[PDB]
Amino acid sequence: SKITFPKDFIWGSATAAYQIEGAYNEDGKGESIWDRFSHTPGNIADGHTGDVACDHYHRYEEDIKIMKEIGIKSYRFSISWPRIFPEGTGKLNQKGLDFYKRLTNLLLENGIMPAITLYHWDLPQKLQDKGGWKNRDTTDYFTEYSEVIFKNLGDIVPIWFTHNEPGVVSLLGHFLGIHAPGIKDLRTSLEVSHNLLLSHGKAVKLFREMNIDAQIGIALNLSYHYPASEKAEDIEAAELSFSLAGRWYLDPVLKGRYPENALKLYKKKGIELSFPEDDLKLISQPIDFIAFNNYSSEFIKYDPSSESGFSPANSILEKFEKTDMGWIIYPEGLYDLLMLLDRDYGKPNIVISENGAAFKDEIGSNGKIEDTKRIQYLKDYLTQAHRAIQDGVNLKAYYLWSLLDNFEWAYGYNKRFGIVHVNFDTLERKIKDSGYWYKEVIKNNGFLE
Amino acid sequence: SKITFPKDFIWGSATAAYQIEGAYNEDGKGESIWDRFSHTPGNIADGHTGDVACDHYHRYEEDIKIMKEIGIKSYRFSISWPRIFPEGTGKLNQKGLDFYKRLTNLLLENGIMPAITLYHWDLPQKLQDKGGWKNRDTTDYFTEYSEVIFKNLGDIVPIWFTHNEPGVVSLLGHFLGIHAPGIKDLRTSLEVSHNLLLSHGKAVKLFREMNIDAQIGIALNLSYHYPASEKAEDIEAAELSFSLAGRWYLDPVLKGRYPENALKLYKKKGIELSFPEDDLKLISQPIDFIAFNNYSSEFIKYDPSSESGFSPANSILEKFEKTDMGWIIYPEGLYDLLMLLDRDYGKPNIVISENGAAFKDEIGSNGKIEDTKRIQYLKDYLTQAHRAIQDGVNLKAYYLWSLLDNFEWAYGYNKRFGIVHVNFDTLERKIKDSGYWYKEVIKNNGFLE
Amino acid sequence: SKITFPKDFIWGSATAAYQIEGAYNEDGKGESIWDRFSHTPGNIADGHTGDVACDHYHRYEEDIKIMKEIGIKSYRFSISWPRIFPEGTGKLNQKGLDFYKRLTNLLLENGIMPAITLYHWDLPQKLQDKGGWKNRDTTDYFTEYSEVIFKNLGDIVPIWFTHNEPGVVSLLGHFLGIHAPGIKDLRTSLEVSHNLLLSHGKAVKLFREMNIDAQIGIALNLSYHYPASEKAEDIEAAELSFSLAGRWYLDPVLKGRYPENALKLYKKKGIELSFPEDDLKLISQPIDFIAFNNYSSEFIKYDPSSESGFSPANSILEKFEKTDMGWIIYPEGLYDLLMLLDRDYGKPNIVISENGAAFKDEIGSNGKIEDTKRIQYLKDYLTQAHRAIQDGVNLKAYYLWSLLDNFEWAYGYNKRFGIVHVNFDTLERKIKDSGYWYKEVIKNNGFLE
């Protein structure tokens, strides 16, 4: 049985700015919280940095020539705020604009469709010195930068993402402090979460004011949260996890509310926050699709000693193959999620900003990367992607994470999500077999499962 | 006739901390009443000590590898209080927690299910300088150390024991003074018995407050006490024994009372003392199972000689084969006991925390320990264990005392309960034939008697 | 059930130049490595040679009249390089050209479709004096000769084969040394394998630079390699055997890469060789079809004793009927292979350059060769050929090895794969019953199996 996606279905591959671009202090780019976080011992694996990375900034021509060789119909990327405004507000750095302008015009001229992400974590370090996302003034400055991009690139770019995974930014970056800007306070973490969503709201409101002939959305970190057992205590423990995690951002967008069962968990520890009612009507602002990033699924159990009230069910996850990240493989966990978004939020247009996997890659004696596991992963998860479309889901796009091997944040360059192998000493690209697989999948518009 | 145990039946082997661990002054471990007692002439056979013993502290990786090679489904061990709190209370020794945390995680990552005893006789010597278990305060401090263990290892460890054989600790350690701490006063011996039970009651109460997803119990020394003859004076004499011995700790924990016939014999010697009624409702606290340690059975006659009005029956006992300890072999004694725990105390869940036997082992010319008498002993007693389960008993677990040859207290190293021989000069393990037997008995889930 | 092939299905029979032509030093023909290898004691059975053979060079008229009598729709034959260039390069021998030019025109005029192989092992002996296929210059000279054949015979000949069984040439000719040119060195044997594939590339590249209105390909020696048992060691042993054997030529040509699991085996003996990257893109050069030569199948087990890591599973093979070659008869082992080529190389067009069998033939008292076993063999393998086409395989052609009895290399004339008997004293052709059977199979376009 050979499977075929809708004839209009946009195939793509995704990257971030800091994870590929390099040139961290070139052409008047301001310092970001990631430049800062990376240059401090104990933050990044092996002391790695995003100083050079894939050096896309100089080698983008080579990349596009690879992107077209595989024949992706859409290339999802991020704009570095600190290349546009070094100081986050005020003096425009025209050199930065003209990089991304030029890049987008090469894409449109190589018959590839641009898909920008406006914030992919690289907040200008100057704003971090005035409180960063905790300072509500940042949400205004994010709109200013948004404005300038829309004036230049508005009409000609069809697919916009305001934010990438605000879930992680606030959780890792502002509570656990293992991501930039390295802060560790729960209260701040929630005040940033709001201030992120608000900034999304302002950017969509501006997007409409300026009347850009293109589609906007938000890229959220999302998994399915299964209960450990079909018991009243576990099913509830899992509902709470999803609410803290993904639903905390899904409901304020889409439903104009925060999840209750999560809010009750915060106030049971002596944290309440008066959301201004008018902000939630600005966050809920209609959007042309919902985008998300999926890799794995969570299996939550009851735990009345974990101050959360729950924990991972280590008895159940030790039955799966686990990827190089230590995340389970479970392809049907994508289907169920796509059906959960379809059900609970009124059959919206869905995009997948990011799916993909990290396995240990080698270049063999044949000078090739035969990453059969990545390919196996890919087609397993894309079969469930198709299954969902057949059972009614409005899944318009799939973007593969990632196009190149890149900087994986606090893991450094010790993790490869690329379909194009990158040697971080020579910056030489060797298109993986998962890359040659994908080329055919785009051509045939599917594969024989 | 081939016997097969319930399909859910957990097979296990047991050890204690002082008896195997060694490293008696390493990584900030505080001195224990046993370290102190062992260092004094006239207390241990041949001036033996724990100090080194099996050196399990360092060689645990080797020991797990053997445990898995035999393929026990549960390892019952003891946590050293004086590794956790060198001064009983106050400054936490994180080194000692990290040992047991690591050890448990090596068991869970091999085949093996952990079973933790919280007090196997190694009271920090500091608390003994403020009276020890005579000072009621110690019962609180036990709860403090219990709390720290539950926070770390609470729900990932399924089976918990509060105490090991408080019957011996009070009798031998605080009246006969042949165990540590070497005290010889009758009043003190009863005040400790209480204080020990109370401490169990406080740990179970705290266990519930924290709401740990695991099962807690208490490991009692228990034999059957047969009358010498089927006569009114000898049946009564035997009831009074058992009541001084085992029932003194069974009735408080499961019936919330002290045995009357025993209490009457105390008061006939001019001792009462008012147990606070509220304590014995704290002791009685419901528990998930009763555990016990059995080896032999007692044959009591009536005796107006002996201040207890009873004695052993010398030459009924001189009709049995005897172990190397001088204890009779009588397998059917275990059945009757299991039936006595079942009938009285309301068909509880039963665990065997310890059963085994000590015979004079040699390494033969073939470099092997052919301990046919330990194997014979074992299978004999395990036929009467099975026979009880068939006649309705709820015996969920068997733990074989002991996994390793170890420090047998006042007898020193002169007595071997191990499957797995240990040379106490070289610290070389040689799995005994009783070991290899047990391996198969686990695998088949039984044996043809 | 009567089976019928596609209406467009091209039925053929095949011969080679050295095996049938004779006239080994006539009309200016240069000496070949097979002339040379044949004239040396110890190489060919019974001291046979191909000096005369079938003497097709003179008697081709008779042979075409036979070919048409049976009514084959295509005749696959080989061009002797040494007849075209006696010295490999330089002075053209017009006499040689005119032979093959004449031959091809007699085939077209008798309504038979030509199918030319360009190299079927007869490398001019002068090039073998400058190193032969080990000297890369040979790969350029091959292209010169390929150029002169295309100029003359390009358009009018529909089906072209660059090489026959380079697998055997390198393995048997250059490692085992039991074929010409008799060399015995492993390193050399791989350097020749590459150089051969390179020459194939150069010939296609030239075939496309001139835009000859005809379909080119390569004829590879291919079996199916079953694992002795459905076990991880034996599945893996078989994959390595197929990799060393056929896949070593399939992958370069159809995937532009050498098999990894094979390359690893070679480096583990201390042999790595840097193939220039550009050569493998030249080898991969798209081709109209893949042709292959099957007779039998292999059954490989795991073997650490063999430095290869595997060995033949004689225990299994000794359960089949065997040809006169000793090779097993296993019809289904064609089906599985046609599916393997279909699956693993993107459903290409497939030809069968050769299939057939050798059995001991006699001329009976009736002056006829009733070779029922060869007819049985044929119809058993053709039923599975059909089966594969039904189950979706793009098998366009079947060429029966061989039209005539001929010189079977090291075996001499001691083996008969003909459907036309040839007395090698008189050179008299007696069409075999297999020949008369095939004639009806072509007419009916099938048979009731």
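Results, tabulated for the structure shown:
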quantity	calculated
Residue in the range B:195-207 that is more than 30 Å from B:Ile316 (Cα to Cα) and within 14 Å of another protein chain (Cβ to nearest Cβ) present	yes
The range A:396-446, residues that are touching a strand residue (DSSP E or B) at 6+ places or on another chain (Cβ under 7 Å) and either more than 24 Å from A:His120 (Cβ to Cβ) or of a type in the set (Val, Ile, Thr) (or both)	A:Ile419, A:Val420, A:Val422, A:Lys430, A:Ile431, A:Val441, A:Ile442, A:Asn445, A:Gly446
Helices (runs of 4 or more DSSP H) wholly inside the range C:75-179 that include at least 1 residues being surrounded by fewer than 24 Cβ atoms within 10 Å (Cβ to Cβ) and in contact (Cβ under 8 Å) with a residue 24 or more places away in the chain	C:94-109, C:125-129, C:137-153
Looking only at the range A:370-392, and only at residues there that are part of a loop (DSSP other than H, G, I, E, B) and in contact with a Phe, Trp or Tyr (Cβ under 9 Å, 6 or more places away or on another chain), the one that is farthest from the other protein chains (Cβ to nearest Cβ)	A:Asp391
Residue tally, condition under 22 Å from the mean Cα position of the chain (by Cα), among the polar types (S, T, N, Q) and within 27 Å of C:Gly173 (Cβ to Cβ), over the range C:90-124	1
Within the range B:407-444, considering residues that are in a loop (DSSP other than H, G, I, E, B) and among the small types (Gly, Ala, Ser), the one nearest to B:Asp51 (Cα to Cα)	B:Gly412
Members of the range C:195-214 that are within 21 Å of the chain's Cα centre (by Cα), farther than 21 Å from C:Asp129 by Cβ and of a type outside the set (A, V, I, L, M)	C:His200, C:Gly201, C:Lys202, C:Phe207
Number of the exception - C:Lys29 against (1) in a loop (DSSP other than H, G, I, E, B); (2) more than 29 Å from C:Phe99 (Cβ to Cβ); (3) touching a helix residue (DSSP H, G or I) at 6+ places or on another chain (Cβ under 6 Å)	(2)
Members of the range A:182-225 found to be within 30 Å of A:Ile329 (Cα to Cα), in contact (Cβ under 8 Å) with a residue 60 or more places away in the chain and among the small types (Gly, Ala, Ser), listed by number	A:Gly182, A:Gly217, A:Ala219, A:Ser223
Residue within the range B:50-59 that is closer than 23 Å to B:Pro86 by Cα and of a type in the set (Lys, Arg) present	yes
Filter result (in a loop (DSSP other than H, G, I, E, B) and under 13 Å from C:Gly22 (Cβ atoms)) within the range C:40-74	C:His48, C:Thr49, C:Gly50, C:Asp51, C:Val52, C:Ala53, C:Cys54, C:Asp55
Residue selected from the range C:235-269 under the condition of a type in the set (D, E, K, R) and under 22 Å from the mean Cα position of the chain (by Cα), by the criterion surrounded by the fewest Cβ atoms within 10 Å (Cβ to Cβ)	C:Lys255
Residues of the range A:354-369 satisfying the condition of being away from chain C (no Cβ under 14 Å) and assigned to a loop (DSSP other than H, G, I, E, B)	A:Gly356, A:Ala357, A:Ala358, A:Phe359, A:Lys360
Any hit, the range B:162-180, residues being aliphatic (A, V, I, L, M), within 21 Å of the chain's Cα centre (by Cα), closer than 23 Å to B:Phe292 by Cβ and within 14 Å of chain A (Cβ to nearest Cβ)	no
Whichever residue in the range B:336-373 is in contact with an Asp or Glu (Cβ under 8 Å, 6 or more places away or on another chain) and among the charged types (D, E, K, R) and, among such residues, is surrounded by the fewest Cβ atoms within 10 Å (Cβ to Cβ)	B:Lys360
Filter pass, A:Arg36 being crowded, with 24+ Cβ neighbours inside 10 Å and within 25 Å of A:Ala180 (Cα to Cα)	no
Selection within the range A:417-444 - among the polar types (S, T, N, Q) and within 24 Å of the chain's Cα centre (by Cα)	A:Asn423, A:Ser434
Residue in the range A:400-421 that is among the polar types (S, T, N, Q) and either on the phi > 0 side of the Ramachandran plot or without any contact (Cβ under 8 Å) to a residue 40 or more places away in the chain (or both) present	no
B:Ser229 vs. criteria more than 14 Å from every other protein chain (Cβ to nearest Cβ), touching a residue at least 12 places away in the same chain (Cβ under 8 Å), buried (at least 17 other Cβ atoms within 10 Å of the Cβ) and of a type in the set (S, T, N, Q)	no
Checklist (1) within 13 Å of another protein chain (Cβ to nearest Cβ); (2) surrounded by 11 or more Cβ atoms within 10 Å (Cβ to Cβ); (3) out of contact with any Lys or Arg (no Cβ under 8 Å at 6 or more places or on another chain); (4) not aliphatic (A, V, I, L, M) applied to C:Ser284, failing item	(3)
Residue pairs meeting the criteria (Cβ under 8 Å; at least 6 apart or on separate chains; first free of Cβ contacts under 8 Å to residues at least 12 places away in the same chain and within 19 Å of B:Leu244 (Cβ to Cβ), in the range B:299-323; second in a strand (DSSP E or B) and of a type in the set (S, T, N, Q))	B:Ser305/B:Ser311
Every residue from the range C:248-268 that is more than 10 Å from chain A (Cβ to nearest Cβ) and touching a residue at least 60 places away in the same chain (Cβ under 8 Å)	C:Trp248, C:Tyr249, C:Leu250, C:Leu254
Count - residues of the range B:210-250 that are under 30 Å from B:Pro114 (Cβ atoms) and not hydrophobic (A, V, I, L, M, F, W, C)	8
Test: residue in the range A:317-326 that is among the β-branched types (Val, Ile, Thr) and either at negative phi or surrounded by fewer than 17 Cβ atoms within 10 Å (Cβ to Cβ) (or both)	no
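Listed here are the residues, each with its yes/no results for (1) under 30 Å from A:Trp160 (Cβ atoms); (2) surrounded by 23 or more Cβ atoms within 10 Å (Cβ to Cβ); (3) among the hydrophobic types (A, V, I, L, M, F, W, C); (4) touching a helix residue (DSSP H, G or I) at 6+ places or on another chain (Cβ under 7 Å).
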site: A:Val192; (1), (2), (3), (4): yes, yes, yes, yes
site: A:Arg208; (1), (2), (3), (4): yes, no, no, no
site: A:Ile271; (1), (2), (3), (4): no, no, yes, yes
site: A:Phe275; (1), (2), (3), (4): yes, no, yes, yes
site: A:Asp278; (1), (2), (3), (4): yes, no, no, no
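Residue-by-condition table, conditions (1) part of a loop (DSSP other than H, G, I, E, B); (2) within 14 Å of another protein chain (Cβ to nearest Cβ):
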{"residue": "C:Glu272", "(1), (2)": "yes, yes"}
{"residue": "C:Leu280", "(1), (2)": "no, yes"}
{"residue": "C:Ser296", "(1), (2)": "yes, no"}
{"residue": "C:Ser306", "(1), (2)": "yes, no"}
{"residue": "C:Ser311", "(1), (2)": "no, no"}
{"residue": "C:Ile316", "(1), (2)": "no, no"}
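As a convention, Cβ positions derive from the backbone with ideal geometry for all residues, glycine included, and neighbour counts pool all protein chains shown. Each reported figure results from applying straightforward, stated rules to the coordinates on display, with no laboratory input.
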